[PDB]
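This is what each chain is made of:
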Amino acid sequence: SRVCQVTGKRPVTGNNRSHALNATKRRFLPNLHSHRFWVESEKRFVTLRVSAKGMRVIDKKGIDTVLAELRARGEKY
Amino acid sequence: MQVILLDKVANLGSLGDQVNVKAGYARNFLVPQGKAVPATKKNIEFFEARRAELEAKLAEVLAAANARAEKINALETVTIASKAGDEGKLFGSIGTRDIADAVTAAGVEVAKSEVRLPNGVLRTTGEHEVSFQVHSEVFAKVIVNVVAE
RNA sequence: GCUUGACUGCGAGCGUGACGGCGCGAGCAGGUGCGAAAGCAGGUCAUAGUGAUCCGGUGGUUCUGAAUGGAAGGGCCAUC
RNA sequence: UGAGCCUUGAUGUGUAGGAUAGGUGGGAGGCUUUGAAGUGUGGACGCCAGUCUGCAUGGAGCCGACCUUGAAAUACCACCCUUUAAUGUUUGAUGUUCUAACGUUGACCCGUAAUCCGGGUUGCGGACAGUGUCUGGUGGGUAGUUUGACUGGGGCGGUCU
RNA sequence: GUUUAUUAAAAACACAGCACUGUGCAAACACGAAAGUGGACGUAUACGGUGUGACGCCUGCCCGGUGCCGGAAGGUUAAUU
RNA sequence: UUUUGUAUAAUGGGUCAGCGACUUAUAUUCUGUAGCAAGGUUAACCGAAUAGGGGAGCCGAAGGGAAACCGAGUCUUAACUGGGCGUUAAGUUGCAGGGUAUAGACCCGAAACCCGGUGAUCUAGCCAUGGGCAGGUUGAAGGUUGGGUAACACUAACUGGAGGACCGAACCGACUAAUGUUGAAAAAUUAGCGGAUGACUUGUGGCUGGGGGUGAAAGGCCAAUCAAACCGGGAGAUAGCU
RNA sequence: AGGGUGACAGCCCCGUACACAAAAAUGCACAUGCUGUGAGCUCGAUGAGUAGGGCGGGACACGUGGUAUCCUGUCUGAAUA
RNA sequence: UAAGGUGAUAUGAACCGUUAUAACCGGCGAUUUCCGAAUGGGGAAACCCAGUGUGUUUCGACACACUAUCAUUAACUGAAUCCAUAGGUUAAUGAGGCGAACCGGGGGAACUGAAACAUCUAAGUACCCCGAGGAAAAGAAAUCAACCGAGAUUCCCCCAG
Ligand SMILES: [Mg+2]
Ligand SMILES: [Mg+2]
Ligand SMILES: [Mg+2]
Ligand SMILES: [Mg+2]
Ligand SMILES: [Mg+2]
Ligand SMILES: [Mg+2]
Ligand SMILES: [Mg+2]
Ligand SMILES: [Mg+2]
Ligand SMILES: [Mg+2]
Ligand SMILES: [Mg+2]
Ligand SMILES: [Mg+2]
Ligand SMILES: [Mg+2]
Ligand SMILES: [Mg+2]
Ligand SMILES: [Mg+2]
Ligand SMILES: [Mg+2]
Ligand SMILES: [Mg+2]
Ligand SMILES: [Mg+2]
Ligand SMILES: [Mg+2]
Ligand SMILES: [Mg+2]
Ligand SMILES: [Mg+2]
Ligand SMILES: [Mg+2]
Ligand SMILES: [Mg+2]
Ligand SMILES: [Mg+2]
Ligand SMILES: [Mg+2]
Ligand SMILES: [Mg+2]
Ligand SMILES: [Mg+2]
Ligand SMILES: [Mg+2]
Ligand SMILES: [Mg+2]
Ligand SMILES: [Mg+2]
Ligand SMILES: [Mg+2]
Ligand SMILES: [Mg+2]
Ligand SMILES: [Mg+2]
Ligand SMILES: [Mg+2]
Ligand SMILES: [Mg+2]
Ligand SMILES: [Mg+2]
Ligand SMILES: [Mg+2]
Ligand SMILES: [Mg+2]
Ligand SMILES: [Mg+2]
Ligand SMILES: [Mg+2]
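Presented here is a report on the structure given in the accompanying data block.

What counts as what
- Residues numbered from 1 in each chain as written, not as in the entry; some residues may be left out.
- Chains lettered and ligands numbered in written order.
- Part of a larger assembly, values for the part shown.
- Heavy atoms only, no water.
- Helix = DSSP H or I, 4+ residues; strand = E, 2+ residues; numbered from the N terminus.
- Rg over C-alpha atoms; globule rule 2.2 N^0.38 Å.
- Buried < 20%, exposed > 50% of the residue type's maximum accessible area, 1.4 Å probe, protein only.
- Contact = heavy atoms within 4.5 Å.
- Areas by Shrake-Rupley, 256 points an atom, 1.4 Å probe, with all protein chains shown as cover.
- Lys, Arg positive; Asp, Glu negative; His and termini not counted.
- Charge placed at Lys NZ, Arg CZ, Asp CG, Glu CD.
- Salt bridge = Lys/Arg side-chain N within 4 Å of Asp/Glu carboxyl O.
- Pairing = 2+ DSSP bridges.
- Axes fitted to C-alpha atoms, helices over the stretch in contact; angles between N-to-C directions.
- Buried area = accessible area lost by both parts, 1.4 Å probe.
- Polar contact = N/O pair within 3.5 Å; in protein donor to acceptor, adjacent residues only side chain to side chain.
- Nonpolar A, V, L, I, M, F, W, Y, C, P; charged D, E, K, R; others polar.
- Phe/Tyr/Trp six-rings, centres within 6.5 Å; stacked < 30°, edge-to-face > 60°.

Time to look at the overall build of chain A. A tally of helices and strands in chain A yields 2 helices and 4 strands. The order of α-helices and β-strands along chain A, N terminus first, is β-β-β-β-α-α. The C-alpha radius of gyration computed for chain A amounts to 16 Å, which surpasses the reference 11 Å derived for 77 residues by more than 25%, pointing to a less compact arrangement than a globule. If one aligns the C-alpha atoms of chain A with their principal axes, the spans along those axes are about 55 × 20 × 20 Å. Across the 77 residues that make up chain A, the buried fraction comes to 29%. Restricting to contacts in chain A with at least 6 residues of sequence separation, those with at least 24 account for 34%. Summed over its atoms, the accessible surface of chain A is roughly 5,400 Å², and 51% of this surface lies on carbon and sulfur atoms. Within chain A, the 6 negative side-chain charges are centred at a point lying 13 Å from the centre of the 18 positive side-chain charges.

The next thing to look at is the pattern of salt bridges. Side-chain pairing between opposite charges can occur once the charged atoms of the two side chains come close. Under the defined criterion, the tally for this structure stands at 9 salt bridges over all chains. A salt bridge links B:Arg27 to A:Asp59; the nearest nitrogen and oxygen atoms lie 2.7 Å apart. Here B:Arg27 is found in helix α1 (residues 23-30), whereas its partner A:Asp59 is found in helix α1 (residues 52-61) on a different chain. Residue classification places A:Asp59 among the buried positions, given a relative accessible area of 19%.

What follows concerns the sheet that holds strand β1 (residues 2-5) of chain B. Residues and elements named next belong to chain B. Here we have 3 strands laid out as an open sheet, ordered β2-β1-β3, and antiparallel in their pairing. Looking along the sheet, the strands with just one partner apiece sit at the ends: β2 (18-20) and β3 (36-38). Across the sheet, the mean angle separating the axes of adjacent strands is 40 degrees when strand polarity is ignored. Strand contacts of helix α2 (residues 41-75): β1, β2 and β3, with the helix running at about 30 degrees to β1, the strand carrying the most contacts.

With that settled, consider the interface of chain B and chain A. Taken together, the contact pairs 7 residues of chain B with 6 residues of chain A. Together chain B and chain A conceal approximately 440 Å² of surface at their shared face, both sides included; 55% is due to carbon and sulfur atoms. Linking chain B with chain A are 1 salt bridge. The interface formed by chain B and chain A contains 2 residue pairs in polar contact. Top element by residues in the side of chain B that touches chain A is α1(B). It accounts for 3 residues. Here the residues of the side of chain B that touches chain A sort into 4 nonpolar, 2 polar and 1 charged.

Moving on, we get to the packing of aromatic side chains. Two aromatic rings are characterised by how far apart their centres lie and by the angle between their planes. All names here are of chain B. One pass over the full model with this rule turns up 3 aromatic pairs over all chains. Plain terms: the ring middles of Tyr-25 and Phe-29 are 5.7 Å apart, the flat faces sit at 5 degrees to each other, and that makes the pair stacked. Highlighted residues: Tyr-25 and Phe-29, both in helix α1, separated by 4 residues, approximately one helical turn. The class for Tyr-25 is partly exposed, based on a relative accessible area of 34%. For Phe-29, a relative accessible area of 36% translates into the label partly exposed.

Let us now look at the pairing of strand β1 (residues 12-17) of chain A. Two faces make up the sheet, and in a regular strand the side chains alternate between them. Residue and element names in this part refer to chain A. Examined bridge by bridge, β1 and strand β2 (residues 23-28) share 6 bridges and lie antiparallel to one another. Following the sheet pairing, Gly-14 is matched in β2 by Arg-26. Between β1 and β2, which follow one another and run antiparallel, lie 5 residues, and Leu-21 among them has a positive phi close to 70 degrees.

What follows is the structure in structure tokens.
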């Protein structure tokens, strides 16, 4: 599914509002990308389905910190 | 993205320098190949503590080397007995081991490596000047007494 | 010829409307023009020439102003 | 390569004149064998007067109150201007290349007696493509609707204050 | 040949043939928010869409309008700043 | 019943029996009635439980003005000779009733719109695997031989067995007529009719699903009424109509 | 209270008021045993891709309005009693 | 607890019992085919077919037990590729499915009302989906108030149409 493995960001629903204020149901999808992260501690690359926001979270916290959250959640990588 | 460099990287800086880099350069090249680390408040302290620890350890070594450099000039004349023939020509020579072991027994604990001779290895009876490398910049002189045995 | 009554606030009493409204009005107060004066003038001989409300704009204002002083916004008056 | 900055080099016909006087200051020796004068010539500027400068040659000098001139020595040095060139830096623009993100519906290895998938190797691409959010255009493909009343039936015509 | 099973079998639809047009393959196109699949285990003598309708003799003029294709100089023009 | 007007040849009712349509809740106002009265009444809750407690509130005894504010007055205007609204009419809480408001709001009735399911046992197209086509004709290409030609062409006889070929049963279809039309049959029967080796026909099983399918295209077909199936739900949709 | 009994029952029958009852299993309370968990005191520490912001939506009685507050799909991004 | 009993249509038959293993009532046990989550594999539910381990005064074939998937944990094992990691086997423990309403969350109509209709309404309703408990959710102030103060959440009556 279109779910960020880091933040949990998923498709949300809302409306397209026209100039005439006609509401039509829509979705806002997360900016998802499958990215290979180098994990020094495991001497292996880990491919995660992450939003650009989640990628910034990994830049701040570090991949080991983020992967530890995935283990605690039971979420495999 | 602020990062503190581990190695020497072109156009950026040197080891321990704090530079602003594009997130993708750090993420996909600099951090995986160990050329840099994120400039986090924990690591900025760890690298400033190492900068202060190296500055204090380099100032004390500059203080110990100058105490050694003033002890080398204090002796001013060291006597070395060597078997020399007629006209003053030595059968052997007075090398680095010979000069270094003469000053260690005199007081100043100088190494074989620290001794620096210009052209010869001392093959004549008389007086000669011997310069010393105590540190990369600190230099001090002594006069060697070539006494015939 | 001289001029700004094409005045501002009101209005006894009426007309005509299911209503929203629309009309006629002497007289009162303030200030004004014309006339020597009595007087006349609140547009045009009269009856067509028009668009409610909402929303919004502009100016004015002893009104209001979400702790309090302001301000925003709202009201009231004029107008688009 | 447009624009800001930085060391450092070019460039200046009031007249008395050794002569195309840069303002203001340190102000008695600098510039030299890390090799001047003087000659030969190349290049650039230009007010065809001459300045700056490359190379060769040559070899013991061009110089100061020395008198003019408001203001000084091309003996030398420091902030700069009239303007111009070029090395360093900043954010742009444009191009070339790179590999490491990312693509592979090329080949191979393993999981594995598997035309899926994953990991790995390798080749080809490559910051492009593609995707997310935002945005202009298009969009009967789909969707929801509107499309008036009077009227000798209705429609046409006409009408509506 | 096909068709309105149950009032229409026809001159209607289809047809071989013709033409225009798209499509270089992870094709265009189509079913799918996607993954996957059909096209096709095909590859421009192929595949899709559109029109015309064996064959014979043939198919003239018009690009103003509407649709499409190509163009980049100028004018106007979104988010953004 | 509906109408200007119905014996009306306008509507409705075969007859009987039973059932079948102005309700209910909460607001709100008015009338009647009762209590108390410049006051009236409590709500939730507590409870000793239809008592009693609880006055939080609500309505009323004050209005005028957009308001600040002033107040039996106030607003209007600089101010009214004035003018507008007010002051001189008792209210409030039950209970019953008349109206109204929100609700299905007197009962019954659409054609439809939306949502979630069930359906390709009928039929459309396709996929896999099987089966069927009596009898009679026509006689393509090719081949052999003879004639022919310089050689070919060409030509005759034979052989050969093509085709969405011909005639015609089964099988598939459905052009005409009569019958039938409360049928033997919710599409047939009888006499004739077209195709009948093909783009043929048929069995068994599979796949496509409702703004969807499938369609040699008729808006055809998708389980006996398809310009949007069927079932259940939103649901008592709405119905200025009968 | 009520029901039944050949018609309508306080006194016929079953009940009703009232008074009682569990070998066994179980609910809830306290008392208490055990395993695990930790009380009190002193000195610290004080939740960052967060708050805030731009864009698109949604939620607030409040429909973008002069619109505070909340959530966040996208791009960003603090201070530290 | 008992003088009567072997449930009903529903007799009859053969019987059981009367002072306490007749029956009847309640607590705890035993047994509980096959299908169904269905779980050894399959399947058109109540059927078809196995592997392994065990039993056979008959050790053929039948009977009996175990063998699904996933999650966590452990042991053994074990690639590409040296370590590692993936993968593989086994064991322990848990889950699964069903079912009223209420409850938290993910999605989310339209008819209708506006006397048409699009903003708005219907309505976060109907419905679909996930999850949970005896309740759920919420909850101990980056809350209000107004210069006086209150002191988490939930629910009721007012404020007030
Ligand atoms: Mg006068
Ligand atoms: Mg204030
Ligand atoms: Mg792009
Ligand atoms: Mg847009
Ligand atoms: Mg359009
Ligand atoms: Mg349409
Ligand atoms: Mg509608
Ligand atoms: Mg009409
Ligand atoms: Mg035919
Ligand atoms: Mg027909
Ligand atoms: Mg017919
Ligand atoms: Mg045609
Ligand atoms: Mg033509
Ligand atoms: Mg064009
Ligand atoms: Mg009539
Ligand atoms: Mg009559
Ligand atoms: Mg009649
Ligand atoms: Mg009748
Ligand atoms: Mg009253
Ligand atoms: Mg035939
Ligand atoms: Mg027949
Ligand atoms: Mg015939
Ligand atoms: Mg025939
Ligand atoms: Mg079939
Ligand atoms: Mg409804
Ligand atoms: Mg109805
Ligand atoms: Mg009797
Ligand atoms: Mg805190
Ligand atoms: Mg906040
Ligand atoms: Mg406004
Ligand atoms: Mg099974
Ligand atoms: Mg089984
Ligand atoms: Mg089997
Ligand atoms: Mg290995
Ligand atoms: Mg369950
Ligand atoms: Mg409507
Ligand atoms: Mg439970
Ligand atoms: Mg709870
Ligand atoms: Mg306080």
